[PDB]
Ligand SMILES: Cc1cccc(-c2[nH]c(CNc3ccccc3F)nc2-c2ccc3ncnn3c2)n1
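Only one chain is shown below, in structure tokens, and it's the form solved without Vactosertib.
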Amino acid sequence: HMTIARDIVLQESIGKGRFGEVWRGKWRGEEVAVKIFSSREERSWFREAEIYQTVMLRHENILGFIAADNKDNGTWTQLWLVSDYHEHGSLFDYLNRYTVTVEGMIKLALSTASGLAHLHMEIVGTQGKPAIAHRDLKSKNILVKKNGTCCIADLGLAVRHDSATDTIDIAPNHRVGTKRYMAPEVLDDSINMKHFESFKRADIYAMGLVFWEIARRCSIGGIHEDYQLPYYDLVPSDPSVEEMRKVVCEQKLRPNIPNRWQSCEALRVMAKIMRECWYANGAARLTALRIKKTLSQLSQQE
């Protein structure tokens, strides 16, 4: 009765992650997303399977994991990660295609903050959930569901915390994620990687960048900005750590907050959240839980 690779038929190439190619597959007539790794990418596949199997991880704003499996075609073995399929694809894809209403924007931002607060939060008890930091949050790693809410995906680079010792389950390497979204402390290598809270704080900075991407697409009276990645105005399309560091750490620039975002309460609340995610010092940033509380209060109002 469980979903297994032998019962899935691949239908369409739908992209790729850091490692592994993504396909839309069919399981008993239902669409599922399948990420395929080769035998030499076993460590990447195993780590992502391990994060997704974390006790008590499931949440409406975390990509639904189905299975980790192997499939031998008779010549070579493929290593599979099967998850829920979301037709809209990433938040990046969605924001390029559409503009959103004030309601649409709040739904996207609130669901992203809710997923991150869940990832970040330790759940104590017999079926306890460790606190987890993503390390590669970006609009391309967040998917949009049919109901217009987000779920966080691409958890392969995540780190898990053991609170009783204050130790991380792996020996993290420096600058693993997407250069454009790296926090200032990551870009200049000053981050204390023995401190789990430092990873949560770096995720918040990246979530602020994602909120900026969403707000640009919030159309009020037919007025909105065109889709852009953060720092589109300051760095090349595939920026180096050095190009990012010069902008983010040395010149201390952040994405521009348009004047038209001061003319709407929801856009003023979003812009204030962004500023409060973007401090150079991670200890000064808002927590995911505080952002969730703020956006929950704003959705209740709107």
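Residues carry their position along the shown sequence, with the first being 1.
The same protein also exists as the form solved in complex with Vactosertib; that form is not shown, yet it is the one meant from here on.
Blocked or open, judged by overlaying Vactosertib from its pose in the deposited complex and testing 2.4 Å from backbone or C-beta atoms: After the site C-alphas are aligned, the pocket of the shown chain is blocked to the transferred ligand.
Heavy atom within 4.5 Å of Vactosertib in the deposited complex: which of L119, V210, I204, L143 fits that? Just give me the one. In short, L143.
Work out which of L289, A280, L10, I14 lies within 4.5 Å of Vactosertib in the deposited complex, going by heavy atoms. Filtering the options by heavy-atom distance leaves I14.
Should the three residues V34, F65 and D154 be counted as contacting Vactosertib in the deposited complex, with contact defined as a heavy atom within 4.5 Å for each? Yes, because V34, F65 and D154 each have a heavy atom that approaches Vactosertib to within 4.5 Å in the deposited complex.
Should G89 be counted as a contact of Vactosertib in the deposited complex, where contact means heavy atoms within 4.5 Å? Contact with Vactosertib, yes.
Given that the partner is absent here, does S83 sit within 4.5 Å of Vactosertib in the deposited complex, heavy atoms only? So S83 counts as contacting Vactosertib.
Can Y52 be called a contact residue for Vactosertib in the deposited complex at 4.5 Å between heavy atoms? Taking the distances in the deposited complex, the answer for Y52 is yes, it comes within 4.5 Å of Vactosertib.
Out of the stretches listed (98 to 106, 193 to 201, 146 to 154, 220 to 228), which one is close to Vactosertib in the deposited complex, meaning heavy atoms within 4.5 Å? Of the options, only 146 to 154 has residues within 4.5 Å of the partner.
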